[PDB]
Amino acid sequence: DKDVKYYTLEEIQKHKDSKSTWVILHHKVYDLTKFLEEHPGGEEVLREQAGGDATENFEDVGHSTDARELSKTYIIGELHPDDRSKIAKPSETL
Ligand code: HEM
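Residues numbered from 1 in each chain as written, not as in the entry; some residues may be left out. Heavy atoms only, no water.

Draft legend 1. Focus on the pairing of strand 4 (residues 28-31). Here strand 3 (residues 20-24) runs beside strand 4; their pairing, made up of three bridges, is antiparallel. Note that in strand 4 the partner of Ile24 across the bridge is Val29. Between the antiparallel neighbours strand 3 and strand 4 lie three residues, among them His26 with a positive phi of about 55°. With three bridges joining them, strand 4 and strand 5 (residues 75-79) adopt antiparallel strand pairing. Within strand 5, the position partnered with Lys28 by the bridge is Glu78. (Pairing = 2+ DSSP bridges. Helix = DSSP H or I, 4+ residues; strand = E, 2+ residues; numbered from the N terminus.)

Draft legend 2. View of the site of the ligand. Around the ligand, 14 residues are found, and the nearest of them are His39, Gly41, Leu46, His63 and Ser64. A distance of 2.7 Å separates an oxygen atom of the ligand from a polar atom in the backbone of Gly41. Between the ligand and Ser64 there is a distance of 2.9 Å, counted from an oxygen atom to a side-chain nitrogen or oxygen. Of the residues assigned to the shell around the ligand, the class counts are eight nonpolar, six polar and no charged. (Near = heavy atom within 4 Å. Polar contact = N/O pair within 3.5 Å; in protein donor to acceptor, adjacent residues only side chain to side chain. Nonpolar A, V, L, I, M, F, W, Y, C, P; charged D, E, K, R; others polar.)

Okay, structure coming up:
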């Protein structure tokens, strides 16, 4: 796809603080900071795995599919292709 913006981990690593907490899931990054007081799970959970792969931490609670679609709302961009291939692959790979 075009237009969309591709972010890298090296960058996200920056916004790894409460002020700006990001999380990568399903080879896709989203805005957690905005979904800090929206997540029916809490904040610590997110922070716990802020600016880092939370595939397991995500699939652990087998996030409902409705979430995979809800995320769209709180979308931010995509995760660099060279980044995803940096840690095998966050959630699935095929
Ligand atoms: C790394 C990040 C995340 C972690 C670690 C996480 C963890 C969890 C956990 C453990 C639950 C259960 C309640 C709790 O103890 O918190 C839960 C539920 C839920 N989470 Fe997350 N979550 C994350 C990100 C997200 C995101 C981005 C969304 C939305 C896009 C989301 C949407 C939901 C919803 C809707 C529920 C209720 C599950 C149900 O469908 O029954 N979560 N989450």
